[PDB]
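A short worksheet on the structure shown next.
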Amino acid sequence: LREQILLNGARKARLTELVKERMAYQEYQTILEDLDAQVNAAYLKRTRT
Amino acid sequence: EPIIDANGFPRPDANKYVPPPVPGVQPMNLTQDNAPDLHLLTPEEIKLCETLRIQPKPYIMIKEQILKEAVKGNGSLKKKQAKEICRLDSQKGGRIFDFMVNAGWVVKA
């Protein structure tokens with residue numbers, strides 16, 4: 001048991017290094033998409049009219 | 001086997017002297033409920049106890065007295081000397097003595 005806990009902690013320790021960087025990408029994407037909708041939705045009106 | 005070895009690197013795949021059967025001797029099975037101190041006898045000696053029909057605790061006492069008698073006299077004793085000390089049938093005393101000398105805890109004079 002003491003042999004396995006350390007391995008699990010090491011594995012979970014590494015994942016926390018990869019999760020944090022992926023969270024930042026989410027915030028950058030969630031604002032980029034909003035701009036994409038406006039620029040995309042701000043041209044359809046030209047076709048409509 | 002350890003999952004991670006001594007140097008701290010996790011393993012890659014993480015996830016004998018046989019005494020002859022003395023004539024007219026019927027071995028008896030030794031059970032944890034019957035033998036109190038079974039968990040101490042060595043594997044090379046447990047076979048002898050079954051083959052000889054003797055319980056562990058009596059066996060240890062016989063081992064002690066033979067050891068005491070030998071050490072007092074430089075460790076050498078005569079065959080009749082071992083026979084009398086055991087105080088049982090001749091074959092039983094002969095077999096246990098032959099086991100001790102082979103093991104090396106005593107020497108035959």
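Each chain in the structure tokens gets a letter, A, B and so on, in the order shown; residues start at 1 in every chain, and ligands are counted from 1 in the order they appear.
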For this session: Return the neighbours of chain B among the residues of chain A, cut-off 10 Å, counting only C-alpha atoms, as JSON, numbers by chain.
Result: {"A": [1, 3, 4, 6, 7]}
For this session: Please identify all polymer residues within 10 Å of residue 57 of chain B, counting only C-alpha atoms, omitting same-chain residues fewer than 5 positions from it, and present them as a list in words.
Result: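 Counting only the stated atoms, we get residues 35, 36, 37, 38, 41, 62 and 63 of chain B.
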For those residues, write N, CA and C atoms to a file as a PDB file, in the first residue's frame.
```pdb
ATOM      1  N   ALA B  35      -0.718 -28.721  16.262  1.00  0.00           N
ATOM      2  CA  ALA B  35       0.645 -28.316  16.572  1.00  0.00           C
ATOM      3  C   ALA B  35       0.644 -26.855  17.004  1.00  0.00           C
ATOM      4  N   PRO B  36       0.978 -26.536  18.260  1.00  0.00           N
ATOM      5  CA  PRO B  36       0.971 -25.129  18.683  1.00  0.00           C
ATOM      6  C   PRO B  36       2.071 -24.305  18.033  1.00  0.00           C
ATOM      7  N   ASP B  37       3.308 -24.800  18.094  1.00  0.00           N
ATOM      8  CA  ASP B  37       4.478 -24.070  17.619  1.00  0.00           C
ATOM      9  C   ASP B  37       4.934 -24.540  16.241  1.00  0.00           C
ATOM     10  N   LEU B  38       3.992 -24.919  15.376  1.00  0.00           N
ATOM     11  CA  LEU B  38       4.357 -25.364  14.035  1.00  0.00           C
ATOM     12  C   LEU B  38       5.018 -24.251  13.233  1.00  0.00           C
ATOM     13  N   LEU B  41       9.177 -24.344  13.046  1.00  0.00           N
ATOM     14  CA  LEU B  41      10.018 -25.403  12.507  1.00  0.00           C
ATOM     15  C   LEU B  41      10.378 -25.118  11.054  1.00  0.00           C
ATOM     16  N   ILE B  62      14.029 -32.392  22.729  1.00  0.00           N
ATOM     17  CA  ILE B  62      15.046 -33.376  22.374  1.00  0.00           C
ATOM     18  C   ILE B  62      16.237 -32.693  21.715  1.00  0.00           C
ATOM     19  N   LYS B  63      15.975 -31.691  20.874  1.00  0.00           N
ATOM     20  CA  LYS B  63      17.061 -30.956  20.235  1.00  0.00           C
ATOM     21  C   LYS B  63      17.942 -30.269  21.270  1.00  0.00           C
TER      22      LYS B  63
END
```
For this session: Would you please give, as a ChimeraX atom specification, all residues of chain B that DSSP assigns to helix (DSSP H, G or I) based on the backbone?
Result: /B:38-40,43-52,56-72,79-86,90-103
Problem set entry | Atomic distance atom CA of residue 30 of chain B - atom CA of residue 46 of chain B, expressed in Å with one decimal | 8.9 Å
For this session: Give me, please, the distance in Å between atom CA of residue 105 of chain B and atom CA of residue 56 of chain B, quoted to one decimal.
Result: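 Separating atom CA of residue 105 of chain B from atom CA of residue 56 of chain B is a distance of 18.5 Å.
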Exercise. What is the distance between atom CA of residue 78 of chain B and atom CA of residue 53 of chain B, in Å to one decimal?
Worked result: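 Going from atom CA of residue 78 of chain B over to atom CA of residue 53 of chain B covers 24.5 Å.
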Problem set entry | Among the residues B:49, B:60, B:109, B:6, the one that comes closest to residue 95 of chain B [using only C-alpha atoms] |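 So, comparing all the options, the nearest one is B:49.
Comparing the minimum interatomic distances between residue 90 of chain B and each of B:23, B:75, B:104, B:12, counting only C-alpha atoms, we find that B:23 sits nearest.
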Problem set entry | 9 Å contact set for residue 18 of chain B, only C-alpha atoms, chain neighbours under 4 positions out, as a ChimeraX atom specification | /B:44,47-48,99
